[PDB]
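Chains as they are written, first to last, in PDB author numbering: chain B, 999 to 1150; chain C, 1 to 17; chain A, 225 to 758, 766 to 784.
Beta carbons are placed, not taken as given, at the ideal position from N, Cα and C, and that holds for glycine.
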Amino acid sequence: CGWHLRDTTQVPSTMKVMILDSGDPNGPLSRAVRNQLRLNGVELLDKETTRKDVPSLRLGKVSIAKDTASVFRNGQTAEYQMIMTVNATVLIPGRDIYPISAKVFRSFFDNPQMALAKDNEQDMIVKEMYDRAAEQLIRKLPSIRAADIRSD
Amino acid sequence: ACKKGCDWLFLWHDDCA
Amino acid sequence: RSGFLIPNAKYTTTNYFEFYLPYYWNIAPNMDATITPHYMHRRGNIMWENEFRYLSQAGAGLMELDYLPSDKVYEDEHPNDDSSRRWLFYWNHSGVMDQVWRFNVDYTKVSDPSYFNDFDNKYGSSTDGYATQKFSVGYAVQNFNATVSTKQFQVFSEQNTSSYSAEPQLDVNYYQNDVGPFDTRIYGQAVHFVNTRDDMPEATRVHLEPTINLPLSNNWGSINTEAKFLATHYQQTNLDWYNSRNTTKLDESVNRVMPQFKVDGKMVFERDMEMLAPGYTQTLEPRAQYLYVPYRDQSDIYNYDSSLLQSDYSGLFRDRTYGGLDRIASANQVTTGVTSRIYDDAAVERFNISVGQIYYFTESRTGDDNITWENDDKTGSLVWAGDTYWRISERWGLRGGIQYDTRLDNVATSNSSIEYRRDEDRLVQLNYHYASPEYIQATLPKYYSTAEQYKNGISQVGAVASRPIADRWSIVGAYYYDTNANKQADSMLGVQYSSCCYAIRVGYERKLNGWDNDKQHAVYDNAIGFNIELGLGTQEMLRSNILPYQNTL
Ligand SMILES: CCCCCCCCCCCCO[C@@H]1O[C@H](CO)[C@@H](O[C@H]2O[C@H](CO)[C@@H](O)[C@H](O)[C@H]2O)[C@H](O)[C@H]1O
Ligand SMILES: CCCCCCCCCCCCO[C@@H]1O[C@H](CO)[C@@H](O[C@H]2O[C@H](CO)[C@@H](O)[C@H](O)[C@H]2O)[C@H](O)[C@H]1O
Ligand SMILES: CCCCCCCCCCCCO[C@@H]1O[C@H](CO)[C@@H](O[C@H]2O[C@H](CO)[C@@H](O)[C@H](O)[C@H]2O)[C@H](O)[C@H]1O
Ligand SMILES: CCCCCCCCCCCCO[C@@H]1O[C@H](CO)[C@@H](O[C@H]2O[C@H](CO)[C@@H](O)[C@H](O)[C@H]2O)[C@H](O)[C@H]1O
Ligand SMILES: CCCCCCCCCCCCO[C@@H]1O[C@H](CO)[C@@H](O[C@H]2O[C@H](CO)[C@@H](O)[C@H](O)[C@H]2O)[C@H](O)[C@H]1O
Ligand SMILES: CCCCCCCCCCCCO[C@@H]1O[C@H](CO)[C@@H](O[C@H]2O[C@H](CO)[C@@H](O)[C@H](O)[C@H]2O)[C@H](O)[C@H]1O
Ligand SMILES: CCCCCCCCCCCCO[C@@H]1O[C@H](CO)[C@@H](O[C@H]2O[C@H](CO)[C@@H](O)[C@H](O)[C@H]2O)[C@H](O)[C@H]1O
Ligand SMILES: *Cc1nc(C*)nc(C*)n1
């Protein structure tokens, strides 16, 4: 067994302290990314801070699409598939901006007879998907760190 | 929904009893 | 800049020959309108379609009002109604004003439930089982958010038209981190459920739950302890009719308090993958969770907005079995999972696989357990879930997901898909959707298991293809086949020629449209039409059917 415990942080040491920037910073996605970044010990700074030369995470467009994945024998919907796509950029200052993205897939069976309950379920799925958007964005951080060295 | 001998100090048990 | 658009034409088996005569109107820089005569030959009349787009400080909004003054077909098939007029009102609004105010509107109103099975699907679909009517006004700052929401639903099915609606609804969250080692949250809610029918219970629910958690993290490990305190209060009225027939008496006023205890843990192991791919790294991620919630008897509380939830790999780790707050199943369970990931030399994830299970030490009972399980297992490893996502190359990719239930004694649900997509112009995809009949019997209503169109379950294979020709054309096709009935479900073809200024498009679609219960079979619909406009437009052609294409990468 060549396995061993992980020795490197999930977020790279270069991006230990960083700025979270977004046009909707009170929204659910900004809250989820802030919670994840605080989880890995990342120090979040203010946008108008005087501290320059720190990496900046700018959250971009977020779109949620609910469509029909399957239908019954009568043509009515059976599975509703919800897809969340999130775009963002990581600005390494004086070096480059690296675009990253996250895509989250979910599905659930419709039920008109308890449709209001299903609506609540749909809302719950959305509050999960943002977390899945935040997990994927954090794991792409070391990808950006490796790409920075390749620029030379 | 409340049982007969339920107690409000016994939340962790089943049916507060 | 205001004038008639180029006419759009279509031929449909439901409508025979259709004709559109749109007129654009540039009212202002932030507002525009469109008036479309829609002449239908089978109905032999003109439906007026009014479309209005606006951009304001509150947000962006769309409105649509379709009105057909008289109907020959509806008059023939409803000879006894007062009037045969048809109409649709749609309003969508999304906006955030001053960074703190959130305005959301999603309102759909139809005259009759057979509207979307007979008319165009611009802002609705024939697959839709109901129309949603949602208003939401919220205020959200960085540690607080309140929302006043109204939810109503127009159920299209005539089997039973009885849908609850929470007309007032108030959601309040308060977050406060770093209070010592602990993080604190509080959730409040006040909801009023009213029903369309006059003989059903009407409720007022007040919910409060504090939550305190201790996170602990390292480079390899993470342990999160959580204690939550739910307290719900119900005032139920208009319950004489329900108590006149059922043995379980709904109570006038109830209240229920539960403590919930949660322990989550996860580890990360890493190894170098030099034997197969040199420089690649493999990560093995175990995860475990313990959930405890004591049993409370919810027999005297009507179920308003609580429903069963899917148990995907990520759904194994939820603390809730039902949505909403009417049903909260008692839990004494431990769930375990493993996720394996592979990273190339560039630290890019190329493959991940997940497997998990849920072990119940005691049966999860809510006091109103009426789910018709195939067998009678109550404890043990009862639920299994698995996910996978392989990125074979830059242009290849597959995903898979399987759910097994021992209580159903069967694979409840599974799905898969493999895509070849060199670009949005040219791509191929194959997907498969499955949902066993036992799962449909267990989760869906009682009459689903007996209905012919519902009892079989779901098993469809779908193929989508798109290929440009001589970089001016774009050929698009899709086919969906149900293997249980061995029958087509949806297929379409699309050909578009894009010139320098004009783009001509021709599309065909045959789809499942309804169920003829006089003969117990399905009723389809064909539509061939051409539209003109003044890229090669593959993506919107892929979205034109009832089972729209989705990017799989
Ligand atoms: C922005 C997205 C929507 C695209 C909007 C494009 C609107 C413009 C389309 C023009 C189509 C070609 O049609 C062109 O306009 C109209 C008829 O349509 C005629 O224009 C004439 O009729 C219009 C009819 O409302 C009157 O305003 C007026 O008498 C005159 O402008 C032009 O002589 C014709 O050349
Ligand atoms: C799938 C099975 C999973 C099993 C559990 C997974 C591993 C859990 C243990 C690893 C996580 C705990 O890691 C812990 O992180 C905390 C929070 O920063 C560090 O800091 C801690 O120091 C002390 C000593 O533990 C704690 O009392 C204190 O509350 C905390 O600040 C600890 O030094 C480290 O031990
Ligand atoms: C990341 C951390 C993960 C922690 C993982 C381990 C957590 C374990 C928590 C305690 C587990 C349950 O703890 C104990 O289990 C027993 C064994 O069935 C259950 O006990 C119950 O079932 C047993 C089994 O026949 C019966 O005697 C009886 O119905 C009842 O006692 C209770 O649930 C509890 O008494
Ligand atoms: C069913 C799953 C199959 C997974 C296939 C994984 C291998 C990829 C296709 C192999 C078969 C085709 O063989 C070859 O594949 C490569 C891989 O890009 C592509 O060929 C191209 O490769 C690279 C980048 O892709 C280009 O810079 C190069 O100019 C060209 O050769 C073509 O598609 C085909 O020339
Ligand atoms: C471990 C994680 C990775 C696994 C997840 C990704 C792969 C998932 C594969 C899903 C695709 C195959 O989907 C699979 O379809 C078959 C055939 O209809 C279903 O199997 C079904 O076949 C027929 C009915 O049609 C019956 O004889 C059989 O008893 C029934 O189970 C499976 O229950 C479903 O899982
Ligand atoms: C990645 C995209 C592709 C994913 C994989 C797609 C695989 C194709 C679908 C799974 C196979 C479905 O294929 C078909 O399924 C049906 C119902 O499910 C099985 O069941 C069928 O036959 C059995 C007995 O023979 C009878 O009960 C009945 O006639 C029918 O249910 C068939 O034996 C199998 O031929
Ligand atoms: C990548 C693939 C792109 C899509 C390719 C095909 C798209 C065009 C589909 C044309 C569909 C019309 O052609 C079809 O012919 C079959 C022949 O039985 C008849 O259809 C009838 O029988 C077929 C099988 O025999 C059943 O699958 C179908 O549910 C039933 O309605 C109808 O006449 C029409 O549904
Ligand atoms: C409803 C109820 N009643 C008692 C006595 N105790 C609890 C916890 N709950």
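{"Asked": "Cβ of A:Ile-777 within 9 Å of any chain B Cβ", "Found": "yes"}
{"Asked": "Amino acids of chain B, ordered along the chain, whose beta-carbon sits closer than 8 Å to that of A:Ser-538", "Found": "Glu-1126 and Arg-1130"}
{"Asked": "Alpha helix (DSSP H) runs contained entirely in the segment 452 to 519 of chain A, provided each spans 4 or more residues", "Found": "464 to 467"}
{"Asked": "DSSP-derived helix/strand/coil call for B:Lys-1050", "Found": "coil"}
{"Asked": "C-beta neighbour in chain B for A:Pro-303, strict 9 Å", "Found": "no"}
{"Asked": "Sequence-distant residues of the same chain with beta carbon closer than 6 Å to A:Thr-237, five excluded per side", "Found": "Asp-749 and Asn-750"}
{"Asked": "Buried or exposed by the 16-neighbour rule on C-beta atoms within 10 Å, applied to C:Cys-16", "Found": "buried"}
{"Asked": "6 Å Cβ shell around B:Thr-1087 - same chain, five flanking residues per side excluded", "Found": "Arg-1056, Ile-1095 and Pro-1097"}
{"Asked": "Near ligand 6: A:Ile-616 beta-carbon under 8 Å from a heavy atom", "Found": "no"}
{"Asked": "Helix, strand or coil at B:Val-1009 [DSSP, three-state]", "Found": "coil"}
{"Asked": "First through last residue of the alpha helix (DSSP H) which encompasses A:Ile-664", "Found": "661 to 667"}
{"Asked": "Contacts of A:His-431 in chain B (Cβ-Cβ under 8 Å)", "Found": "The premise fails here: A:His-431 is roughly 12 Å from chain B at the closest Cβ pair, so nothing lies under 8 Å."}
{"Asked": "For B:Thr-1075 and A:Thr-351, the rounded distance between their alpha carbons", "Found": "5 Å"}
{"Asked": "Status (buried if at least 16 other CB within 10 Å, exposed otherwise) for A:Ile-230", "Found": "exposed"}
{"Asked": "DSSP three-state assignment for B:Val-1088, whether helix, strand or coil", "Found": "strand"}
{"Asked": "9 Å Cβ cutoff, A:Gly-591 in contact with chain C", "Found": "yes"}
{"Asked": "Span separating the alpha-carbon of B:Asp-1108 from that of A:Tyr-705", "Found": "20 Å"}
{"Asked": "Distance cut-off 8 Å: A:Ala-455 Cβ against heavy atoms of ligand 8", "Found": "no"}
{"Asked": "Helix, strand or coil at C:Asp-14 according to DSSP, with G and I counted as helix", "Found": "helix"}
{"Asked": "Proximity winner among A:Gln-378, A:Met-499, A:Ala-364 and A:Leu-515, relative to B:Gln-1111 (alpha-carbon distances)", "Found": "A:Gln-378"}
{"Asked": "Buried or exposed by the 16-neighbour rule on C-beta atoms within 10 Å, applied to A:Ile-693", "Found": "exposed"}
{"Asked": "Near ligand 7: A:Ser-715 beta-carbon under 8 Å from a heavy atom", "Found": "yes"}
{"Asked": "Closer than 9 Å to chain C by CB, A:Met-497", "Found": "no"}
{"Asked": "First through last residue of the alpha helix (DSSP H) which encompasses B:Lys-1116", "Found": "1113 to 1137"}
{"Asked": "Closer than 9 Å to chain A by CB, C:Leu-9", "Found": "no"}
{"Asked": "Paired residues, beta bridge with A:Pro-405 - DSSP", "Found": "DSSP lists no partner for A:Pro-405."}
{"Asked": "Cβ-based neighbour list, A:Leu-279, same chain, cut-off 7 Å, excluding 5 preceding and 5 following", "Found": "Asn-254"}
{"Asked": "Residues within the segment 699 to 715 of chain A neighbouring chain C, beta-carbon criterion of under 8 Å", "Found": "none"}
{"Asked": "C-alpha distance - B:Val-1102 paired with B:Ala-1030, whole-angstrom precision", "Found": "14 Å"}
{"Asked": "A:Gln-677 Cβ short of 8 Å to ligand 7 heavy atom set", "Found": "no"}
{"Asked": "Min CB distance B:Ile-1081 to chain A below 9 Å", "Found": "yes"}
{"Asked": "Residues bridged to A:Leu-394 (per DSSP)", "Found": "A:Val-372 and A:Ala-414"}
{"Asked": "Assumed close pair A:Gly-539, A:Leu-533 - CB separation to whole angstroms, cut-off 8 Å", "Found": "6 Å"}
{"Asked": "Residues with C-beta closer than 7 Å to any heavy atom of ligand 1, in chain order", "Found": "A:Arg-225, A:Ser-226, A:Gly-227, A:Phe-228, A:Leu-229, A:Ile-230, A:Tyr-247, A:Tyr-248 and A:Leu-758"}
{"Asked": "Own chain residues within Cβ distance below 7 Å of A:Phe-585, not counting five before or after", "Found": "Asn-556, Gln-557 and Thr-603"}
{"Asked": "Contact residues within the segment 1056 to 1078 of chain B, judged by C-beta distance below 9 Å to chain A", "Found": "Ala-1063, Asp-1065, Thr-1066, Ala-1067, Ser-1068, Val-1069, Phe-1070, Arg-1071, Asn-1072, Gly-1073, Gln-1074, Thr-1075, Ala-1076 and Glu-1077"}
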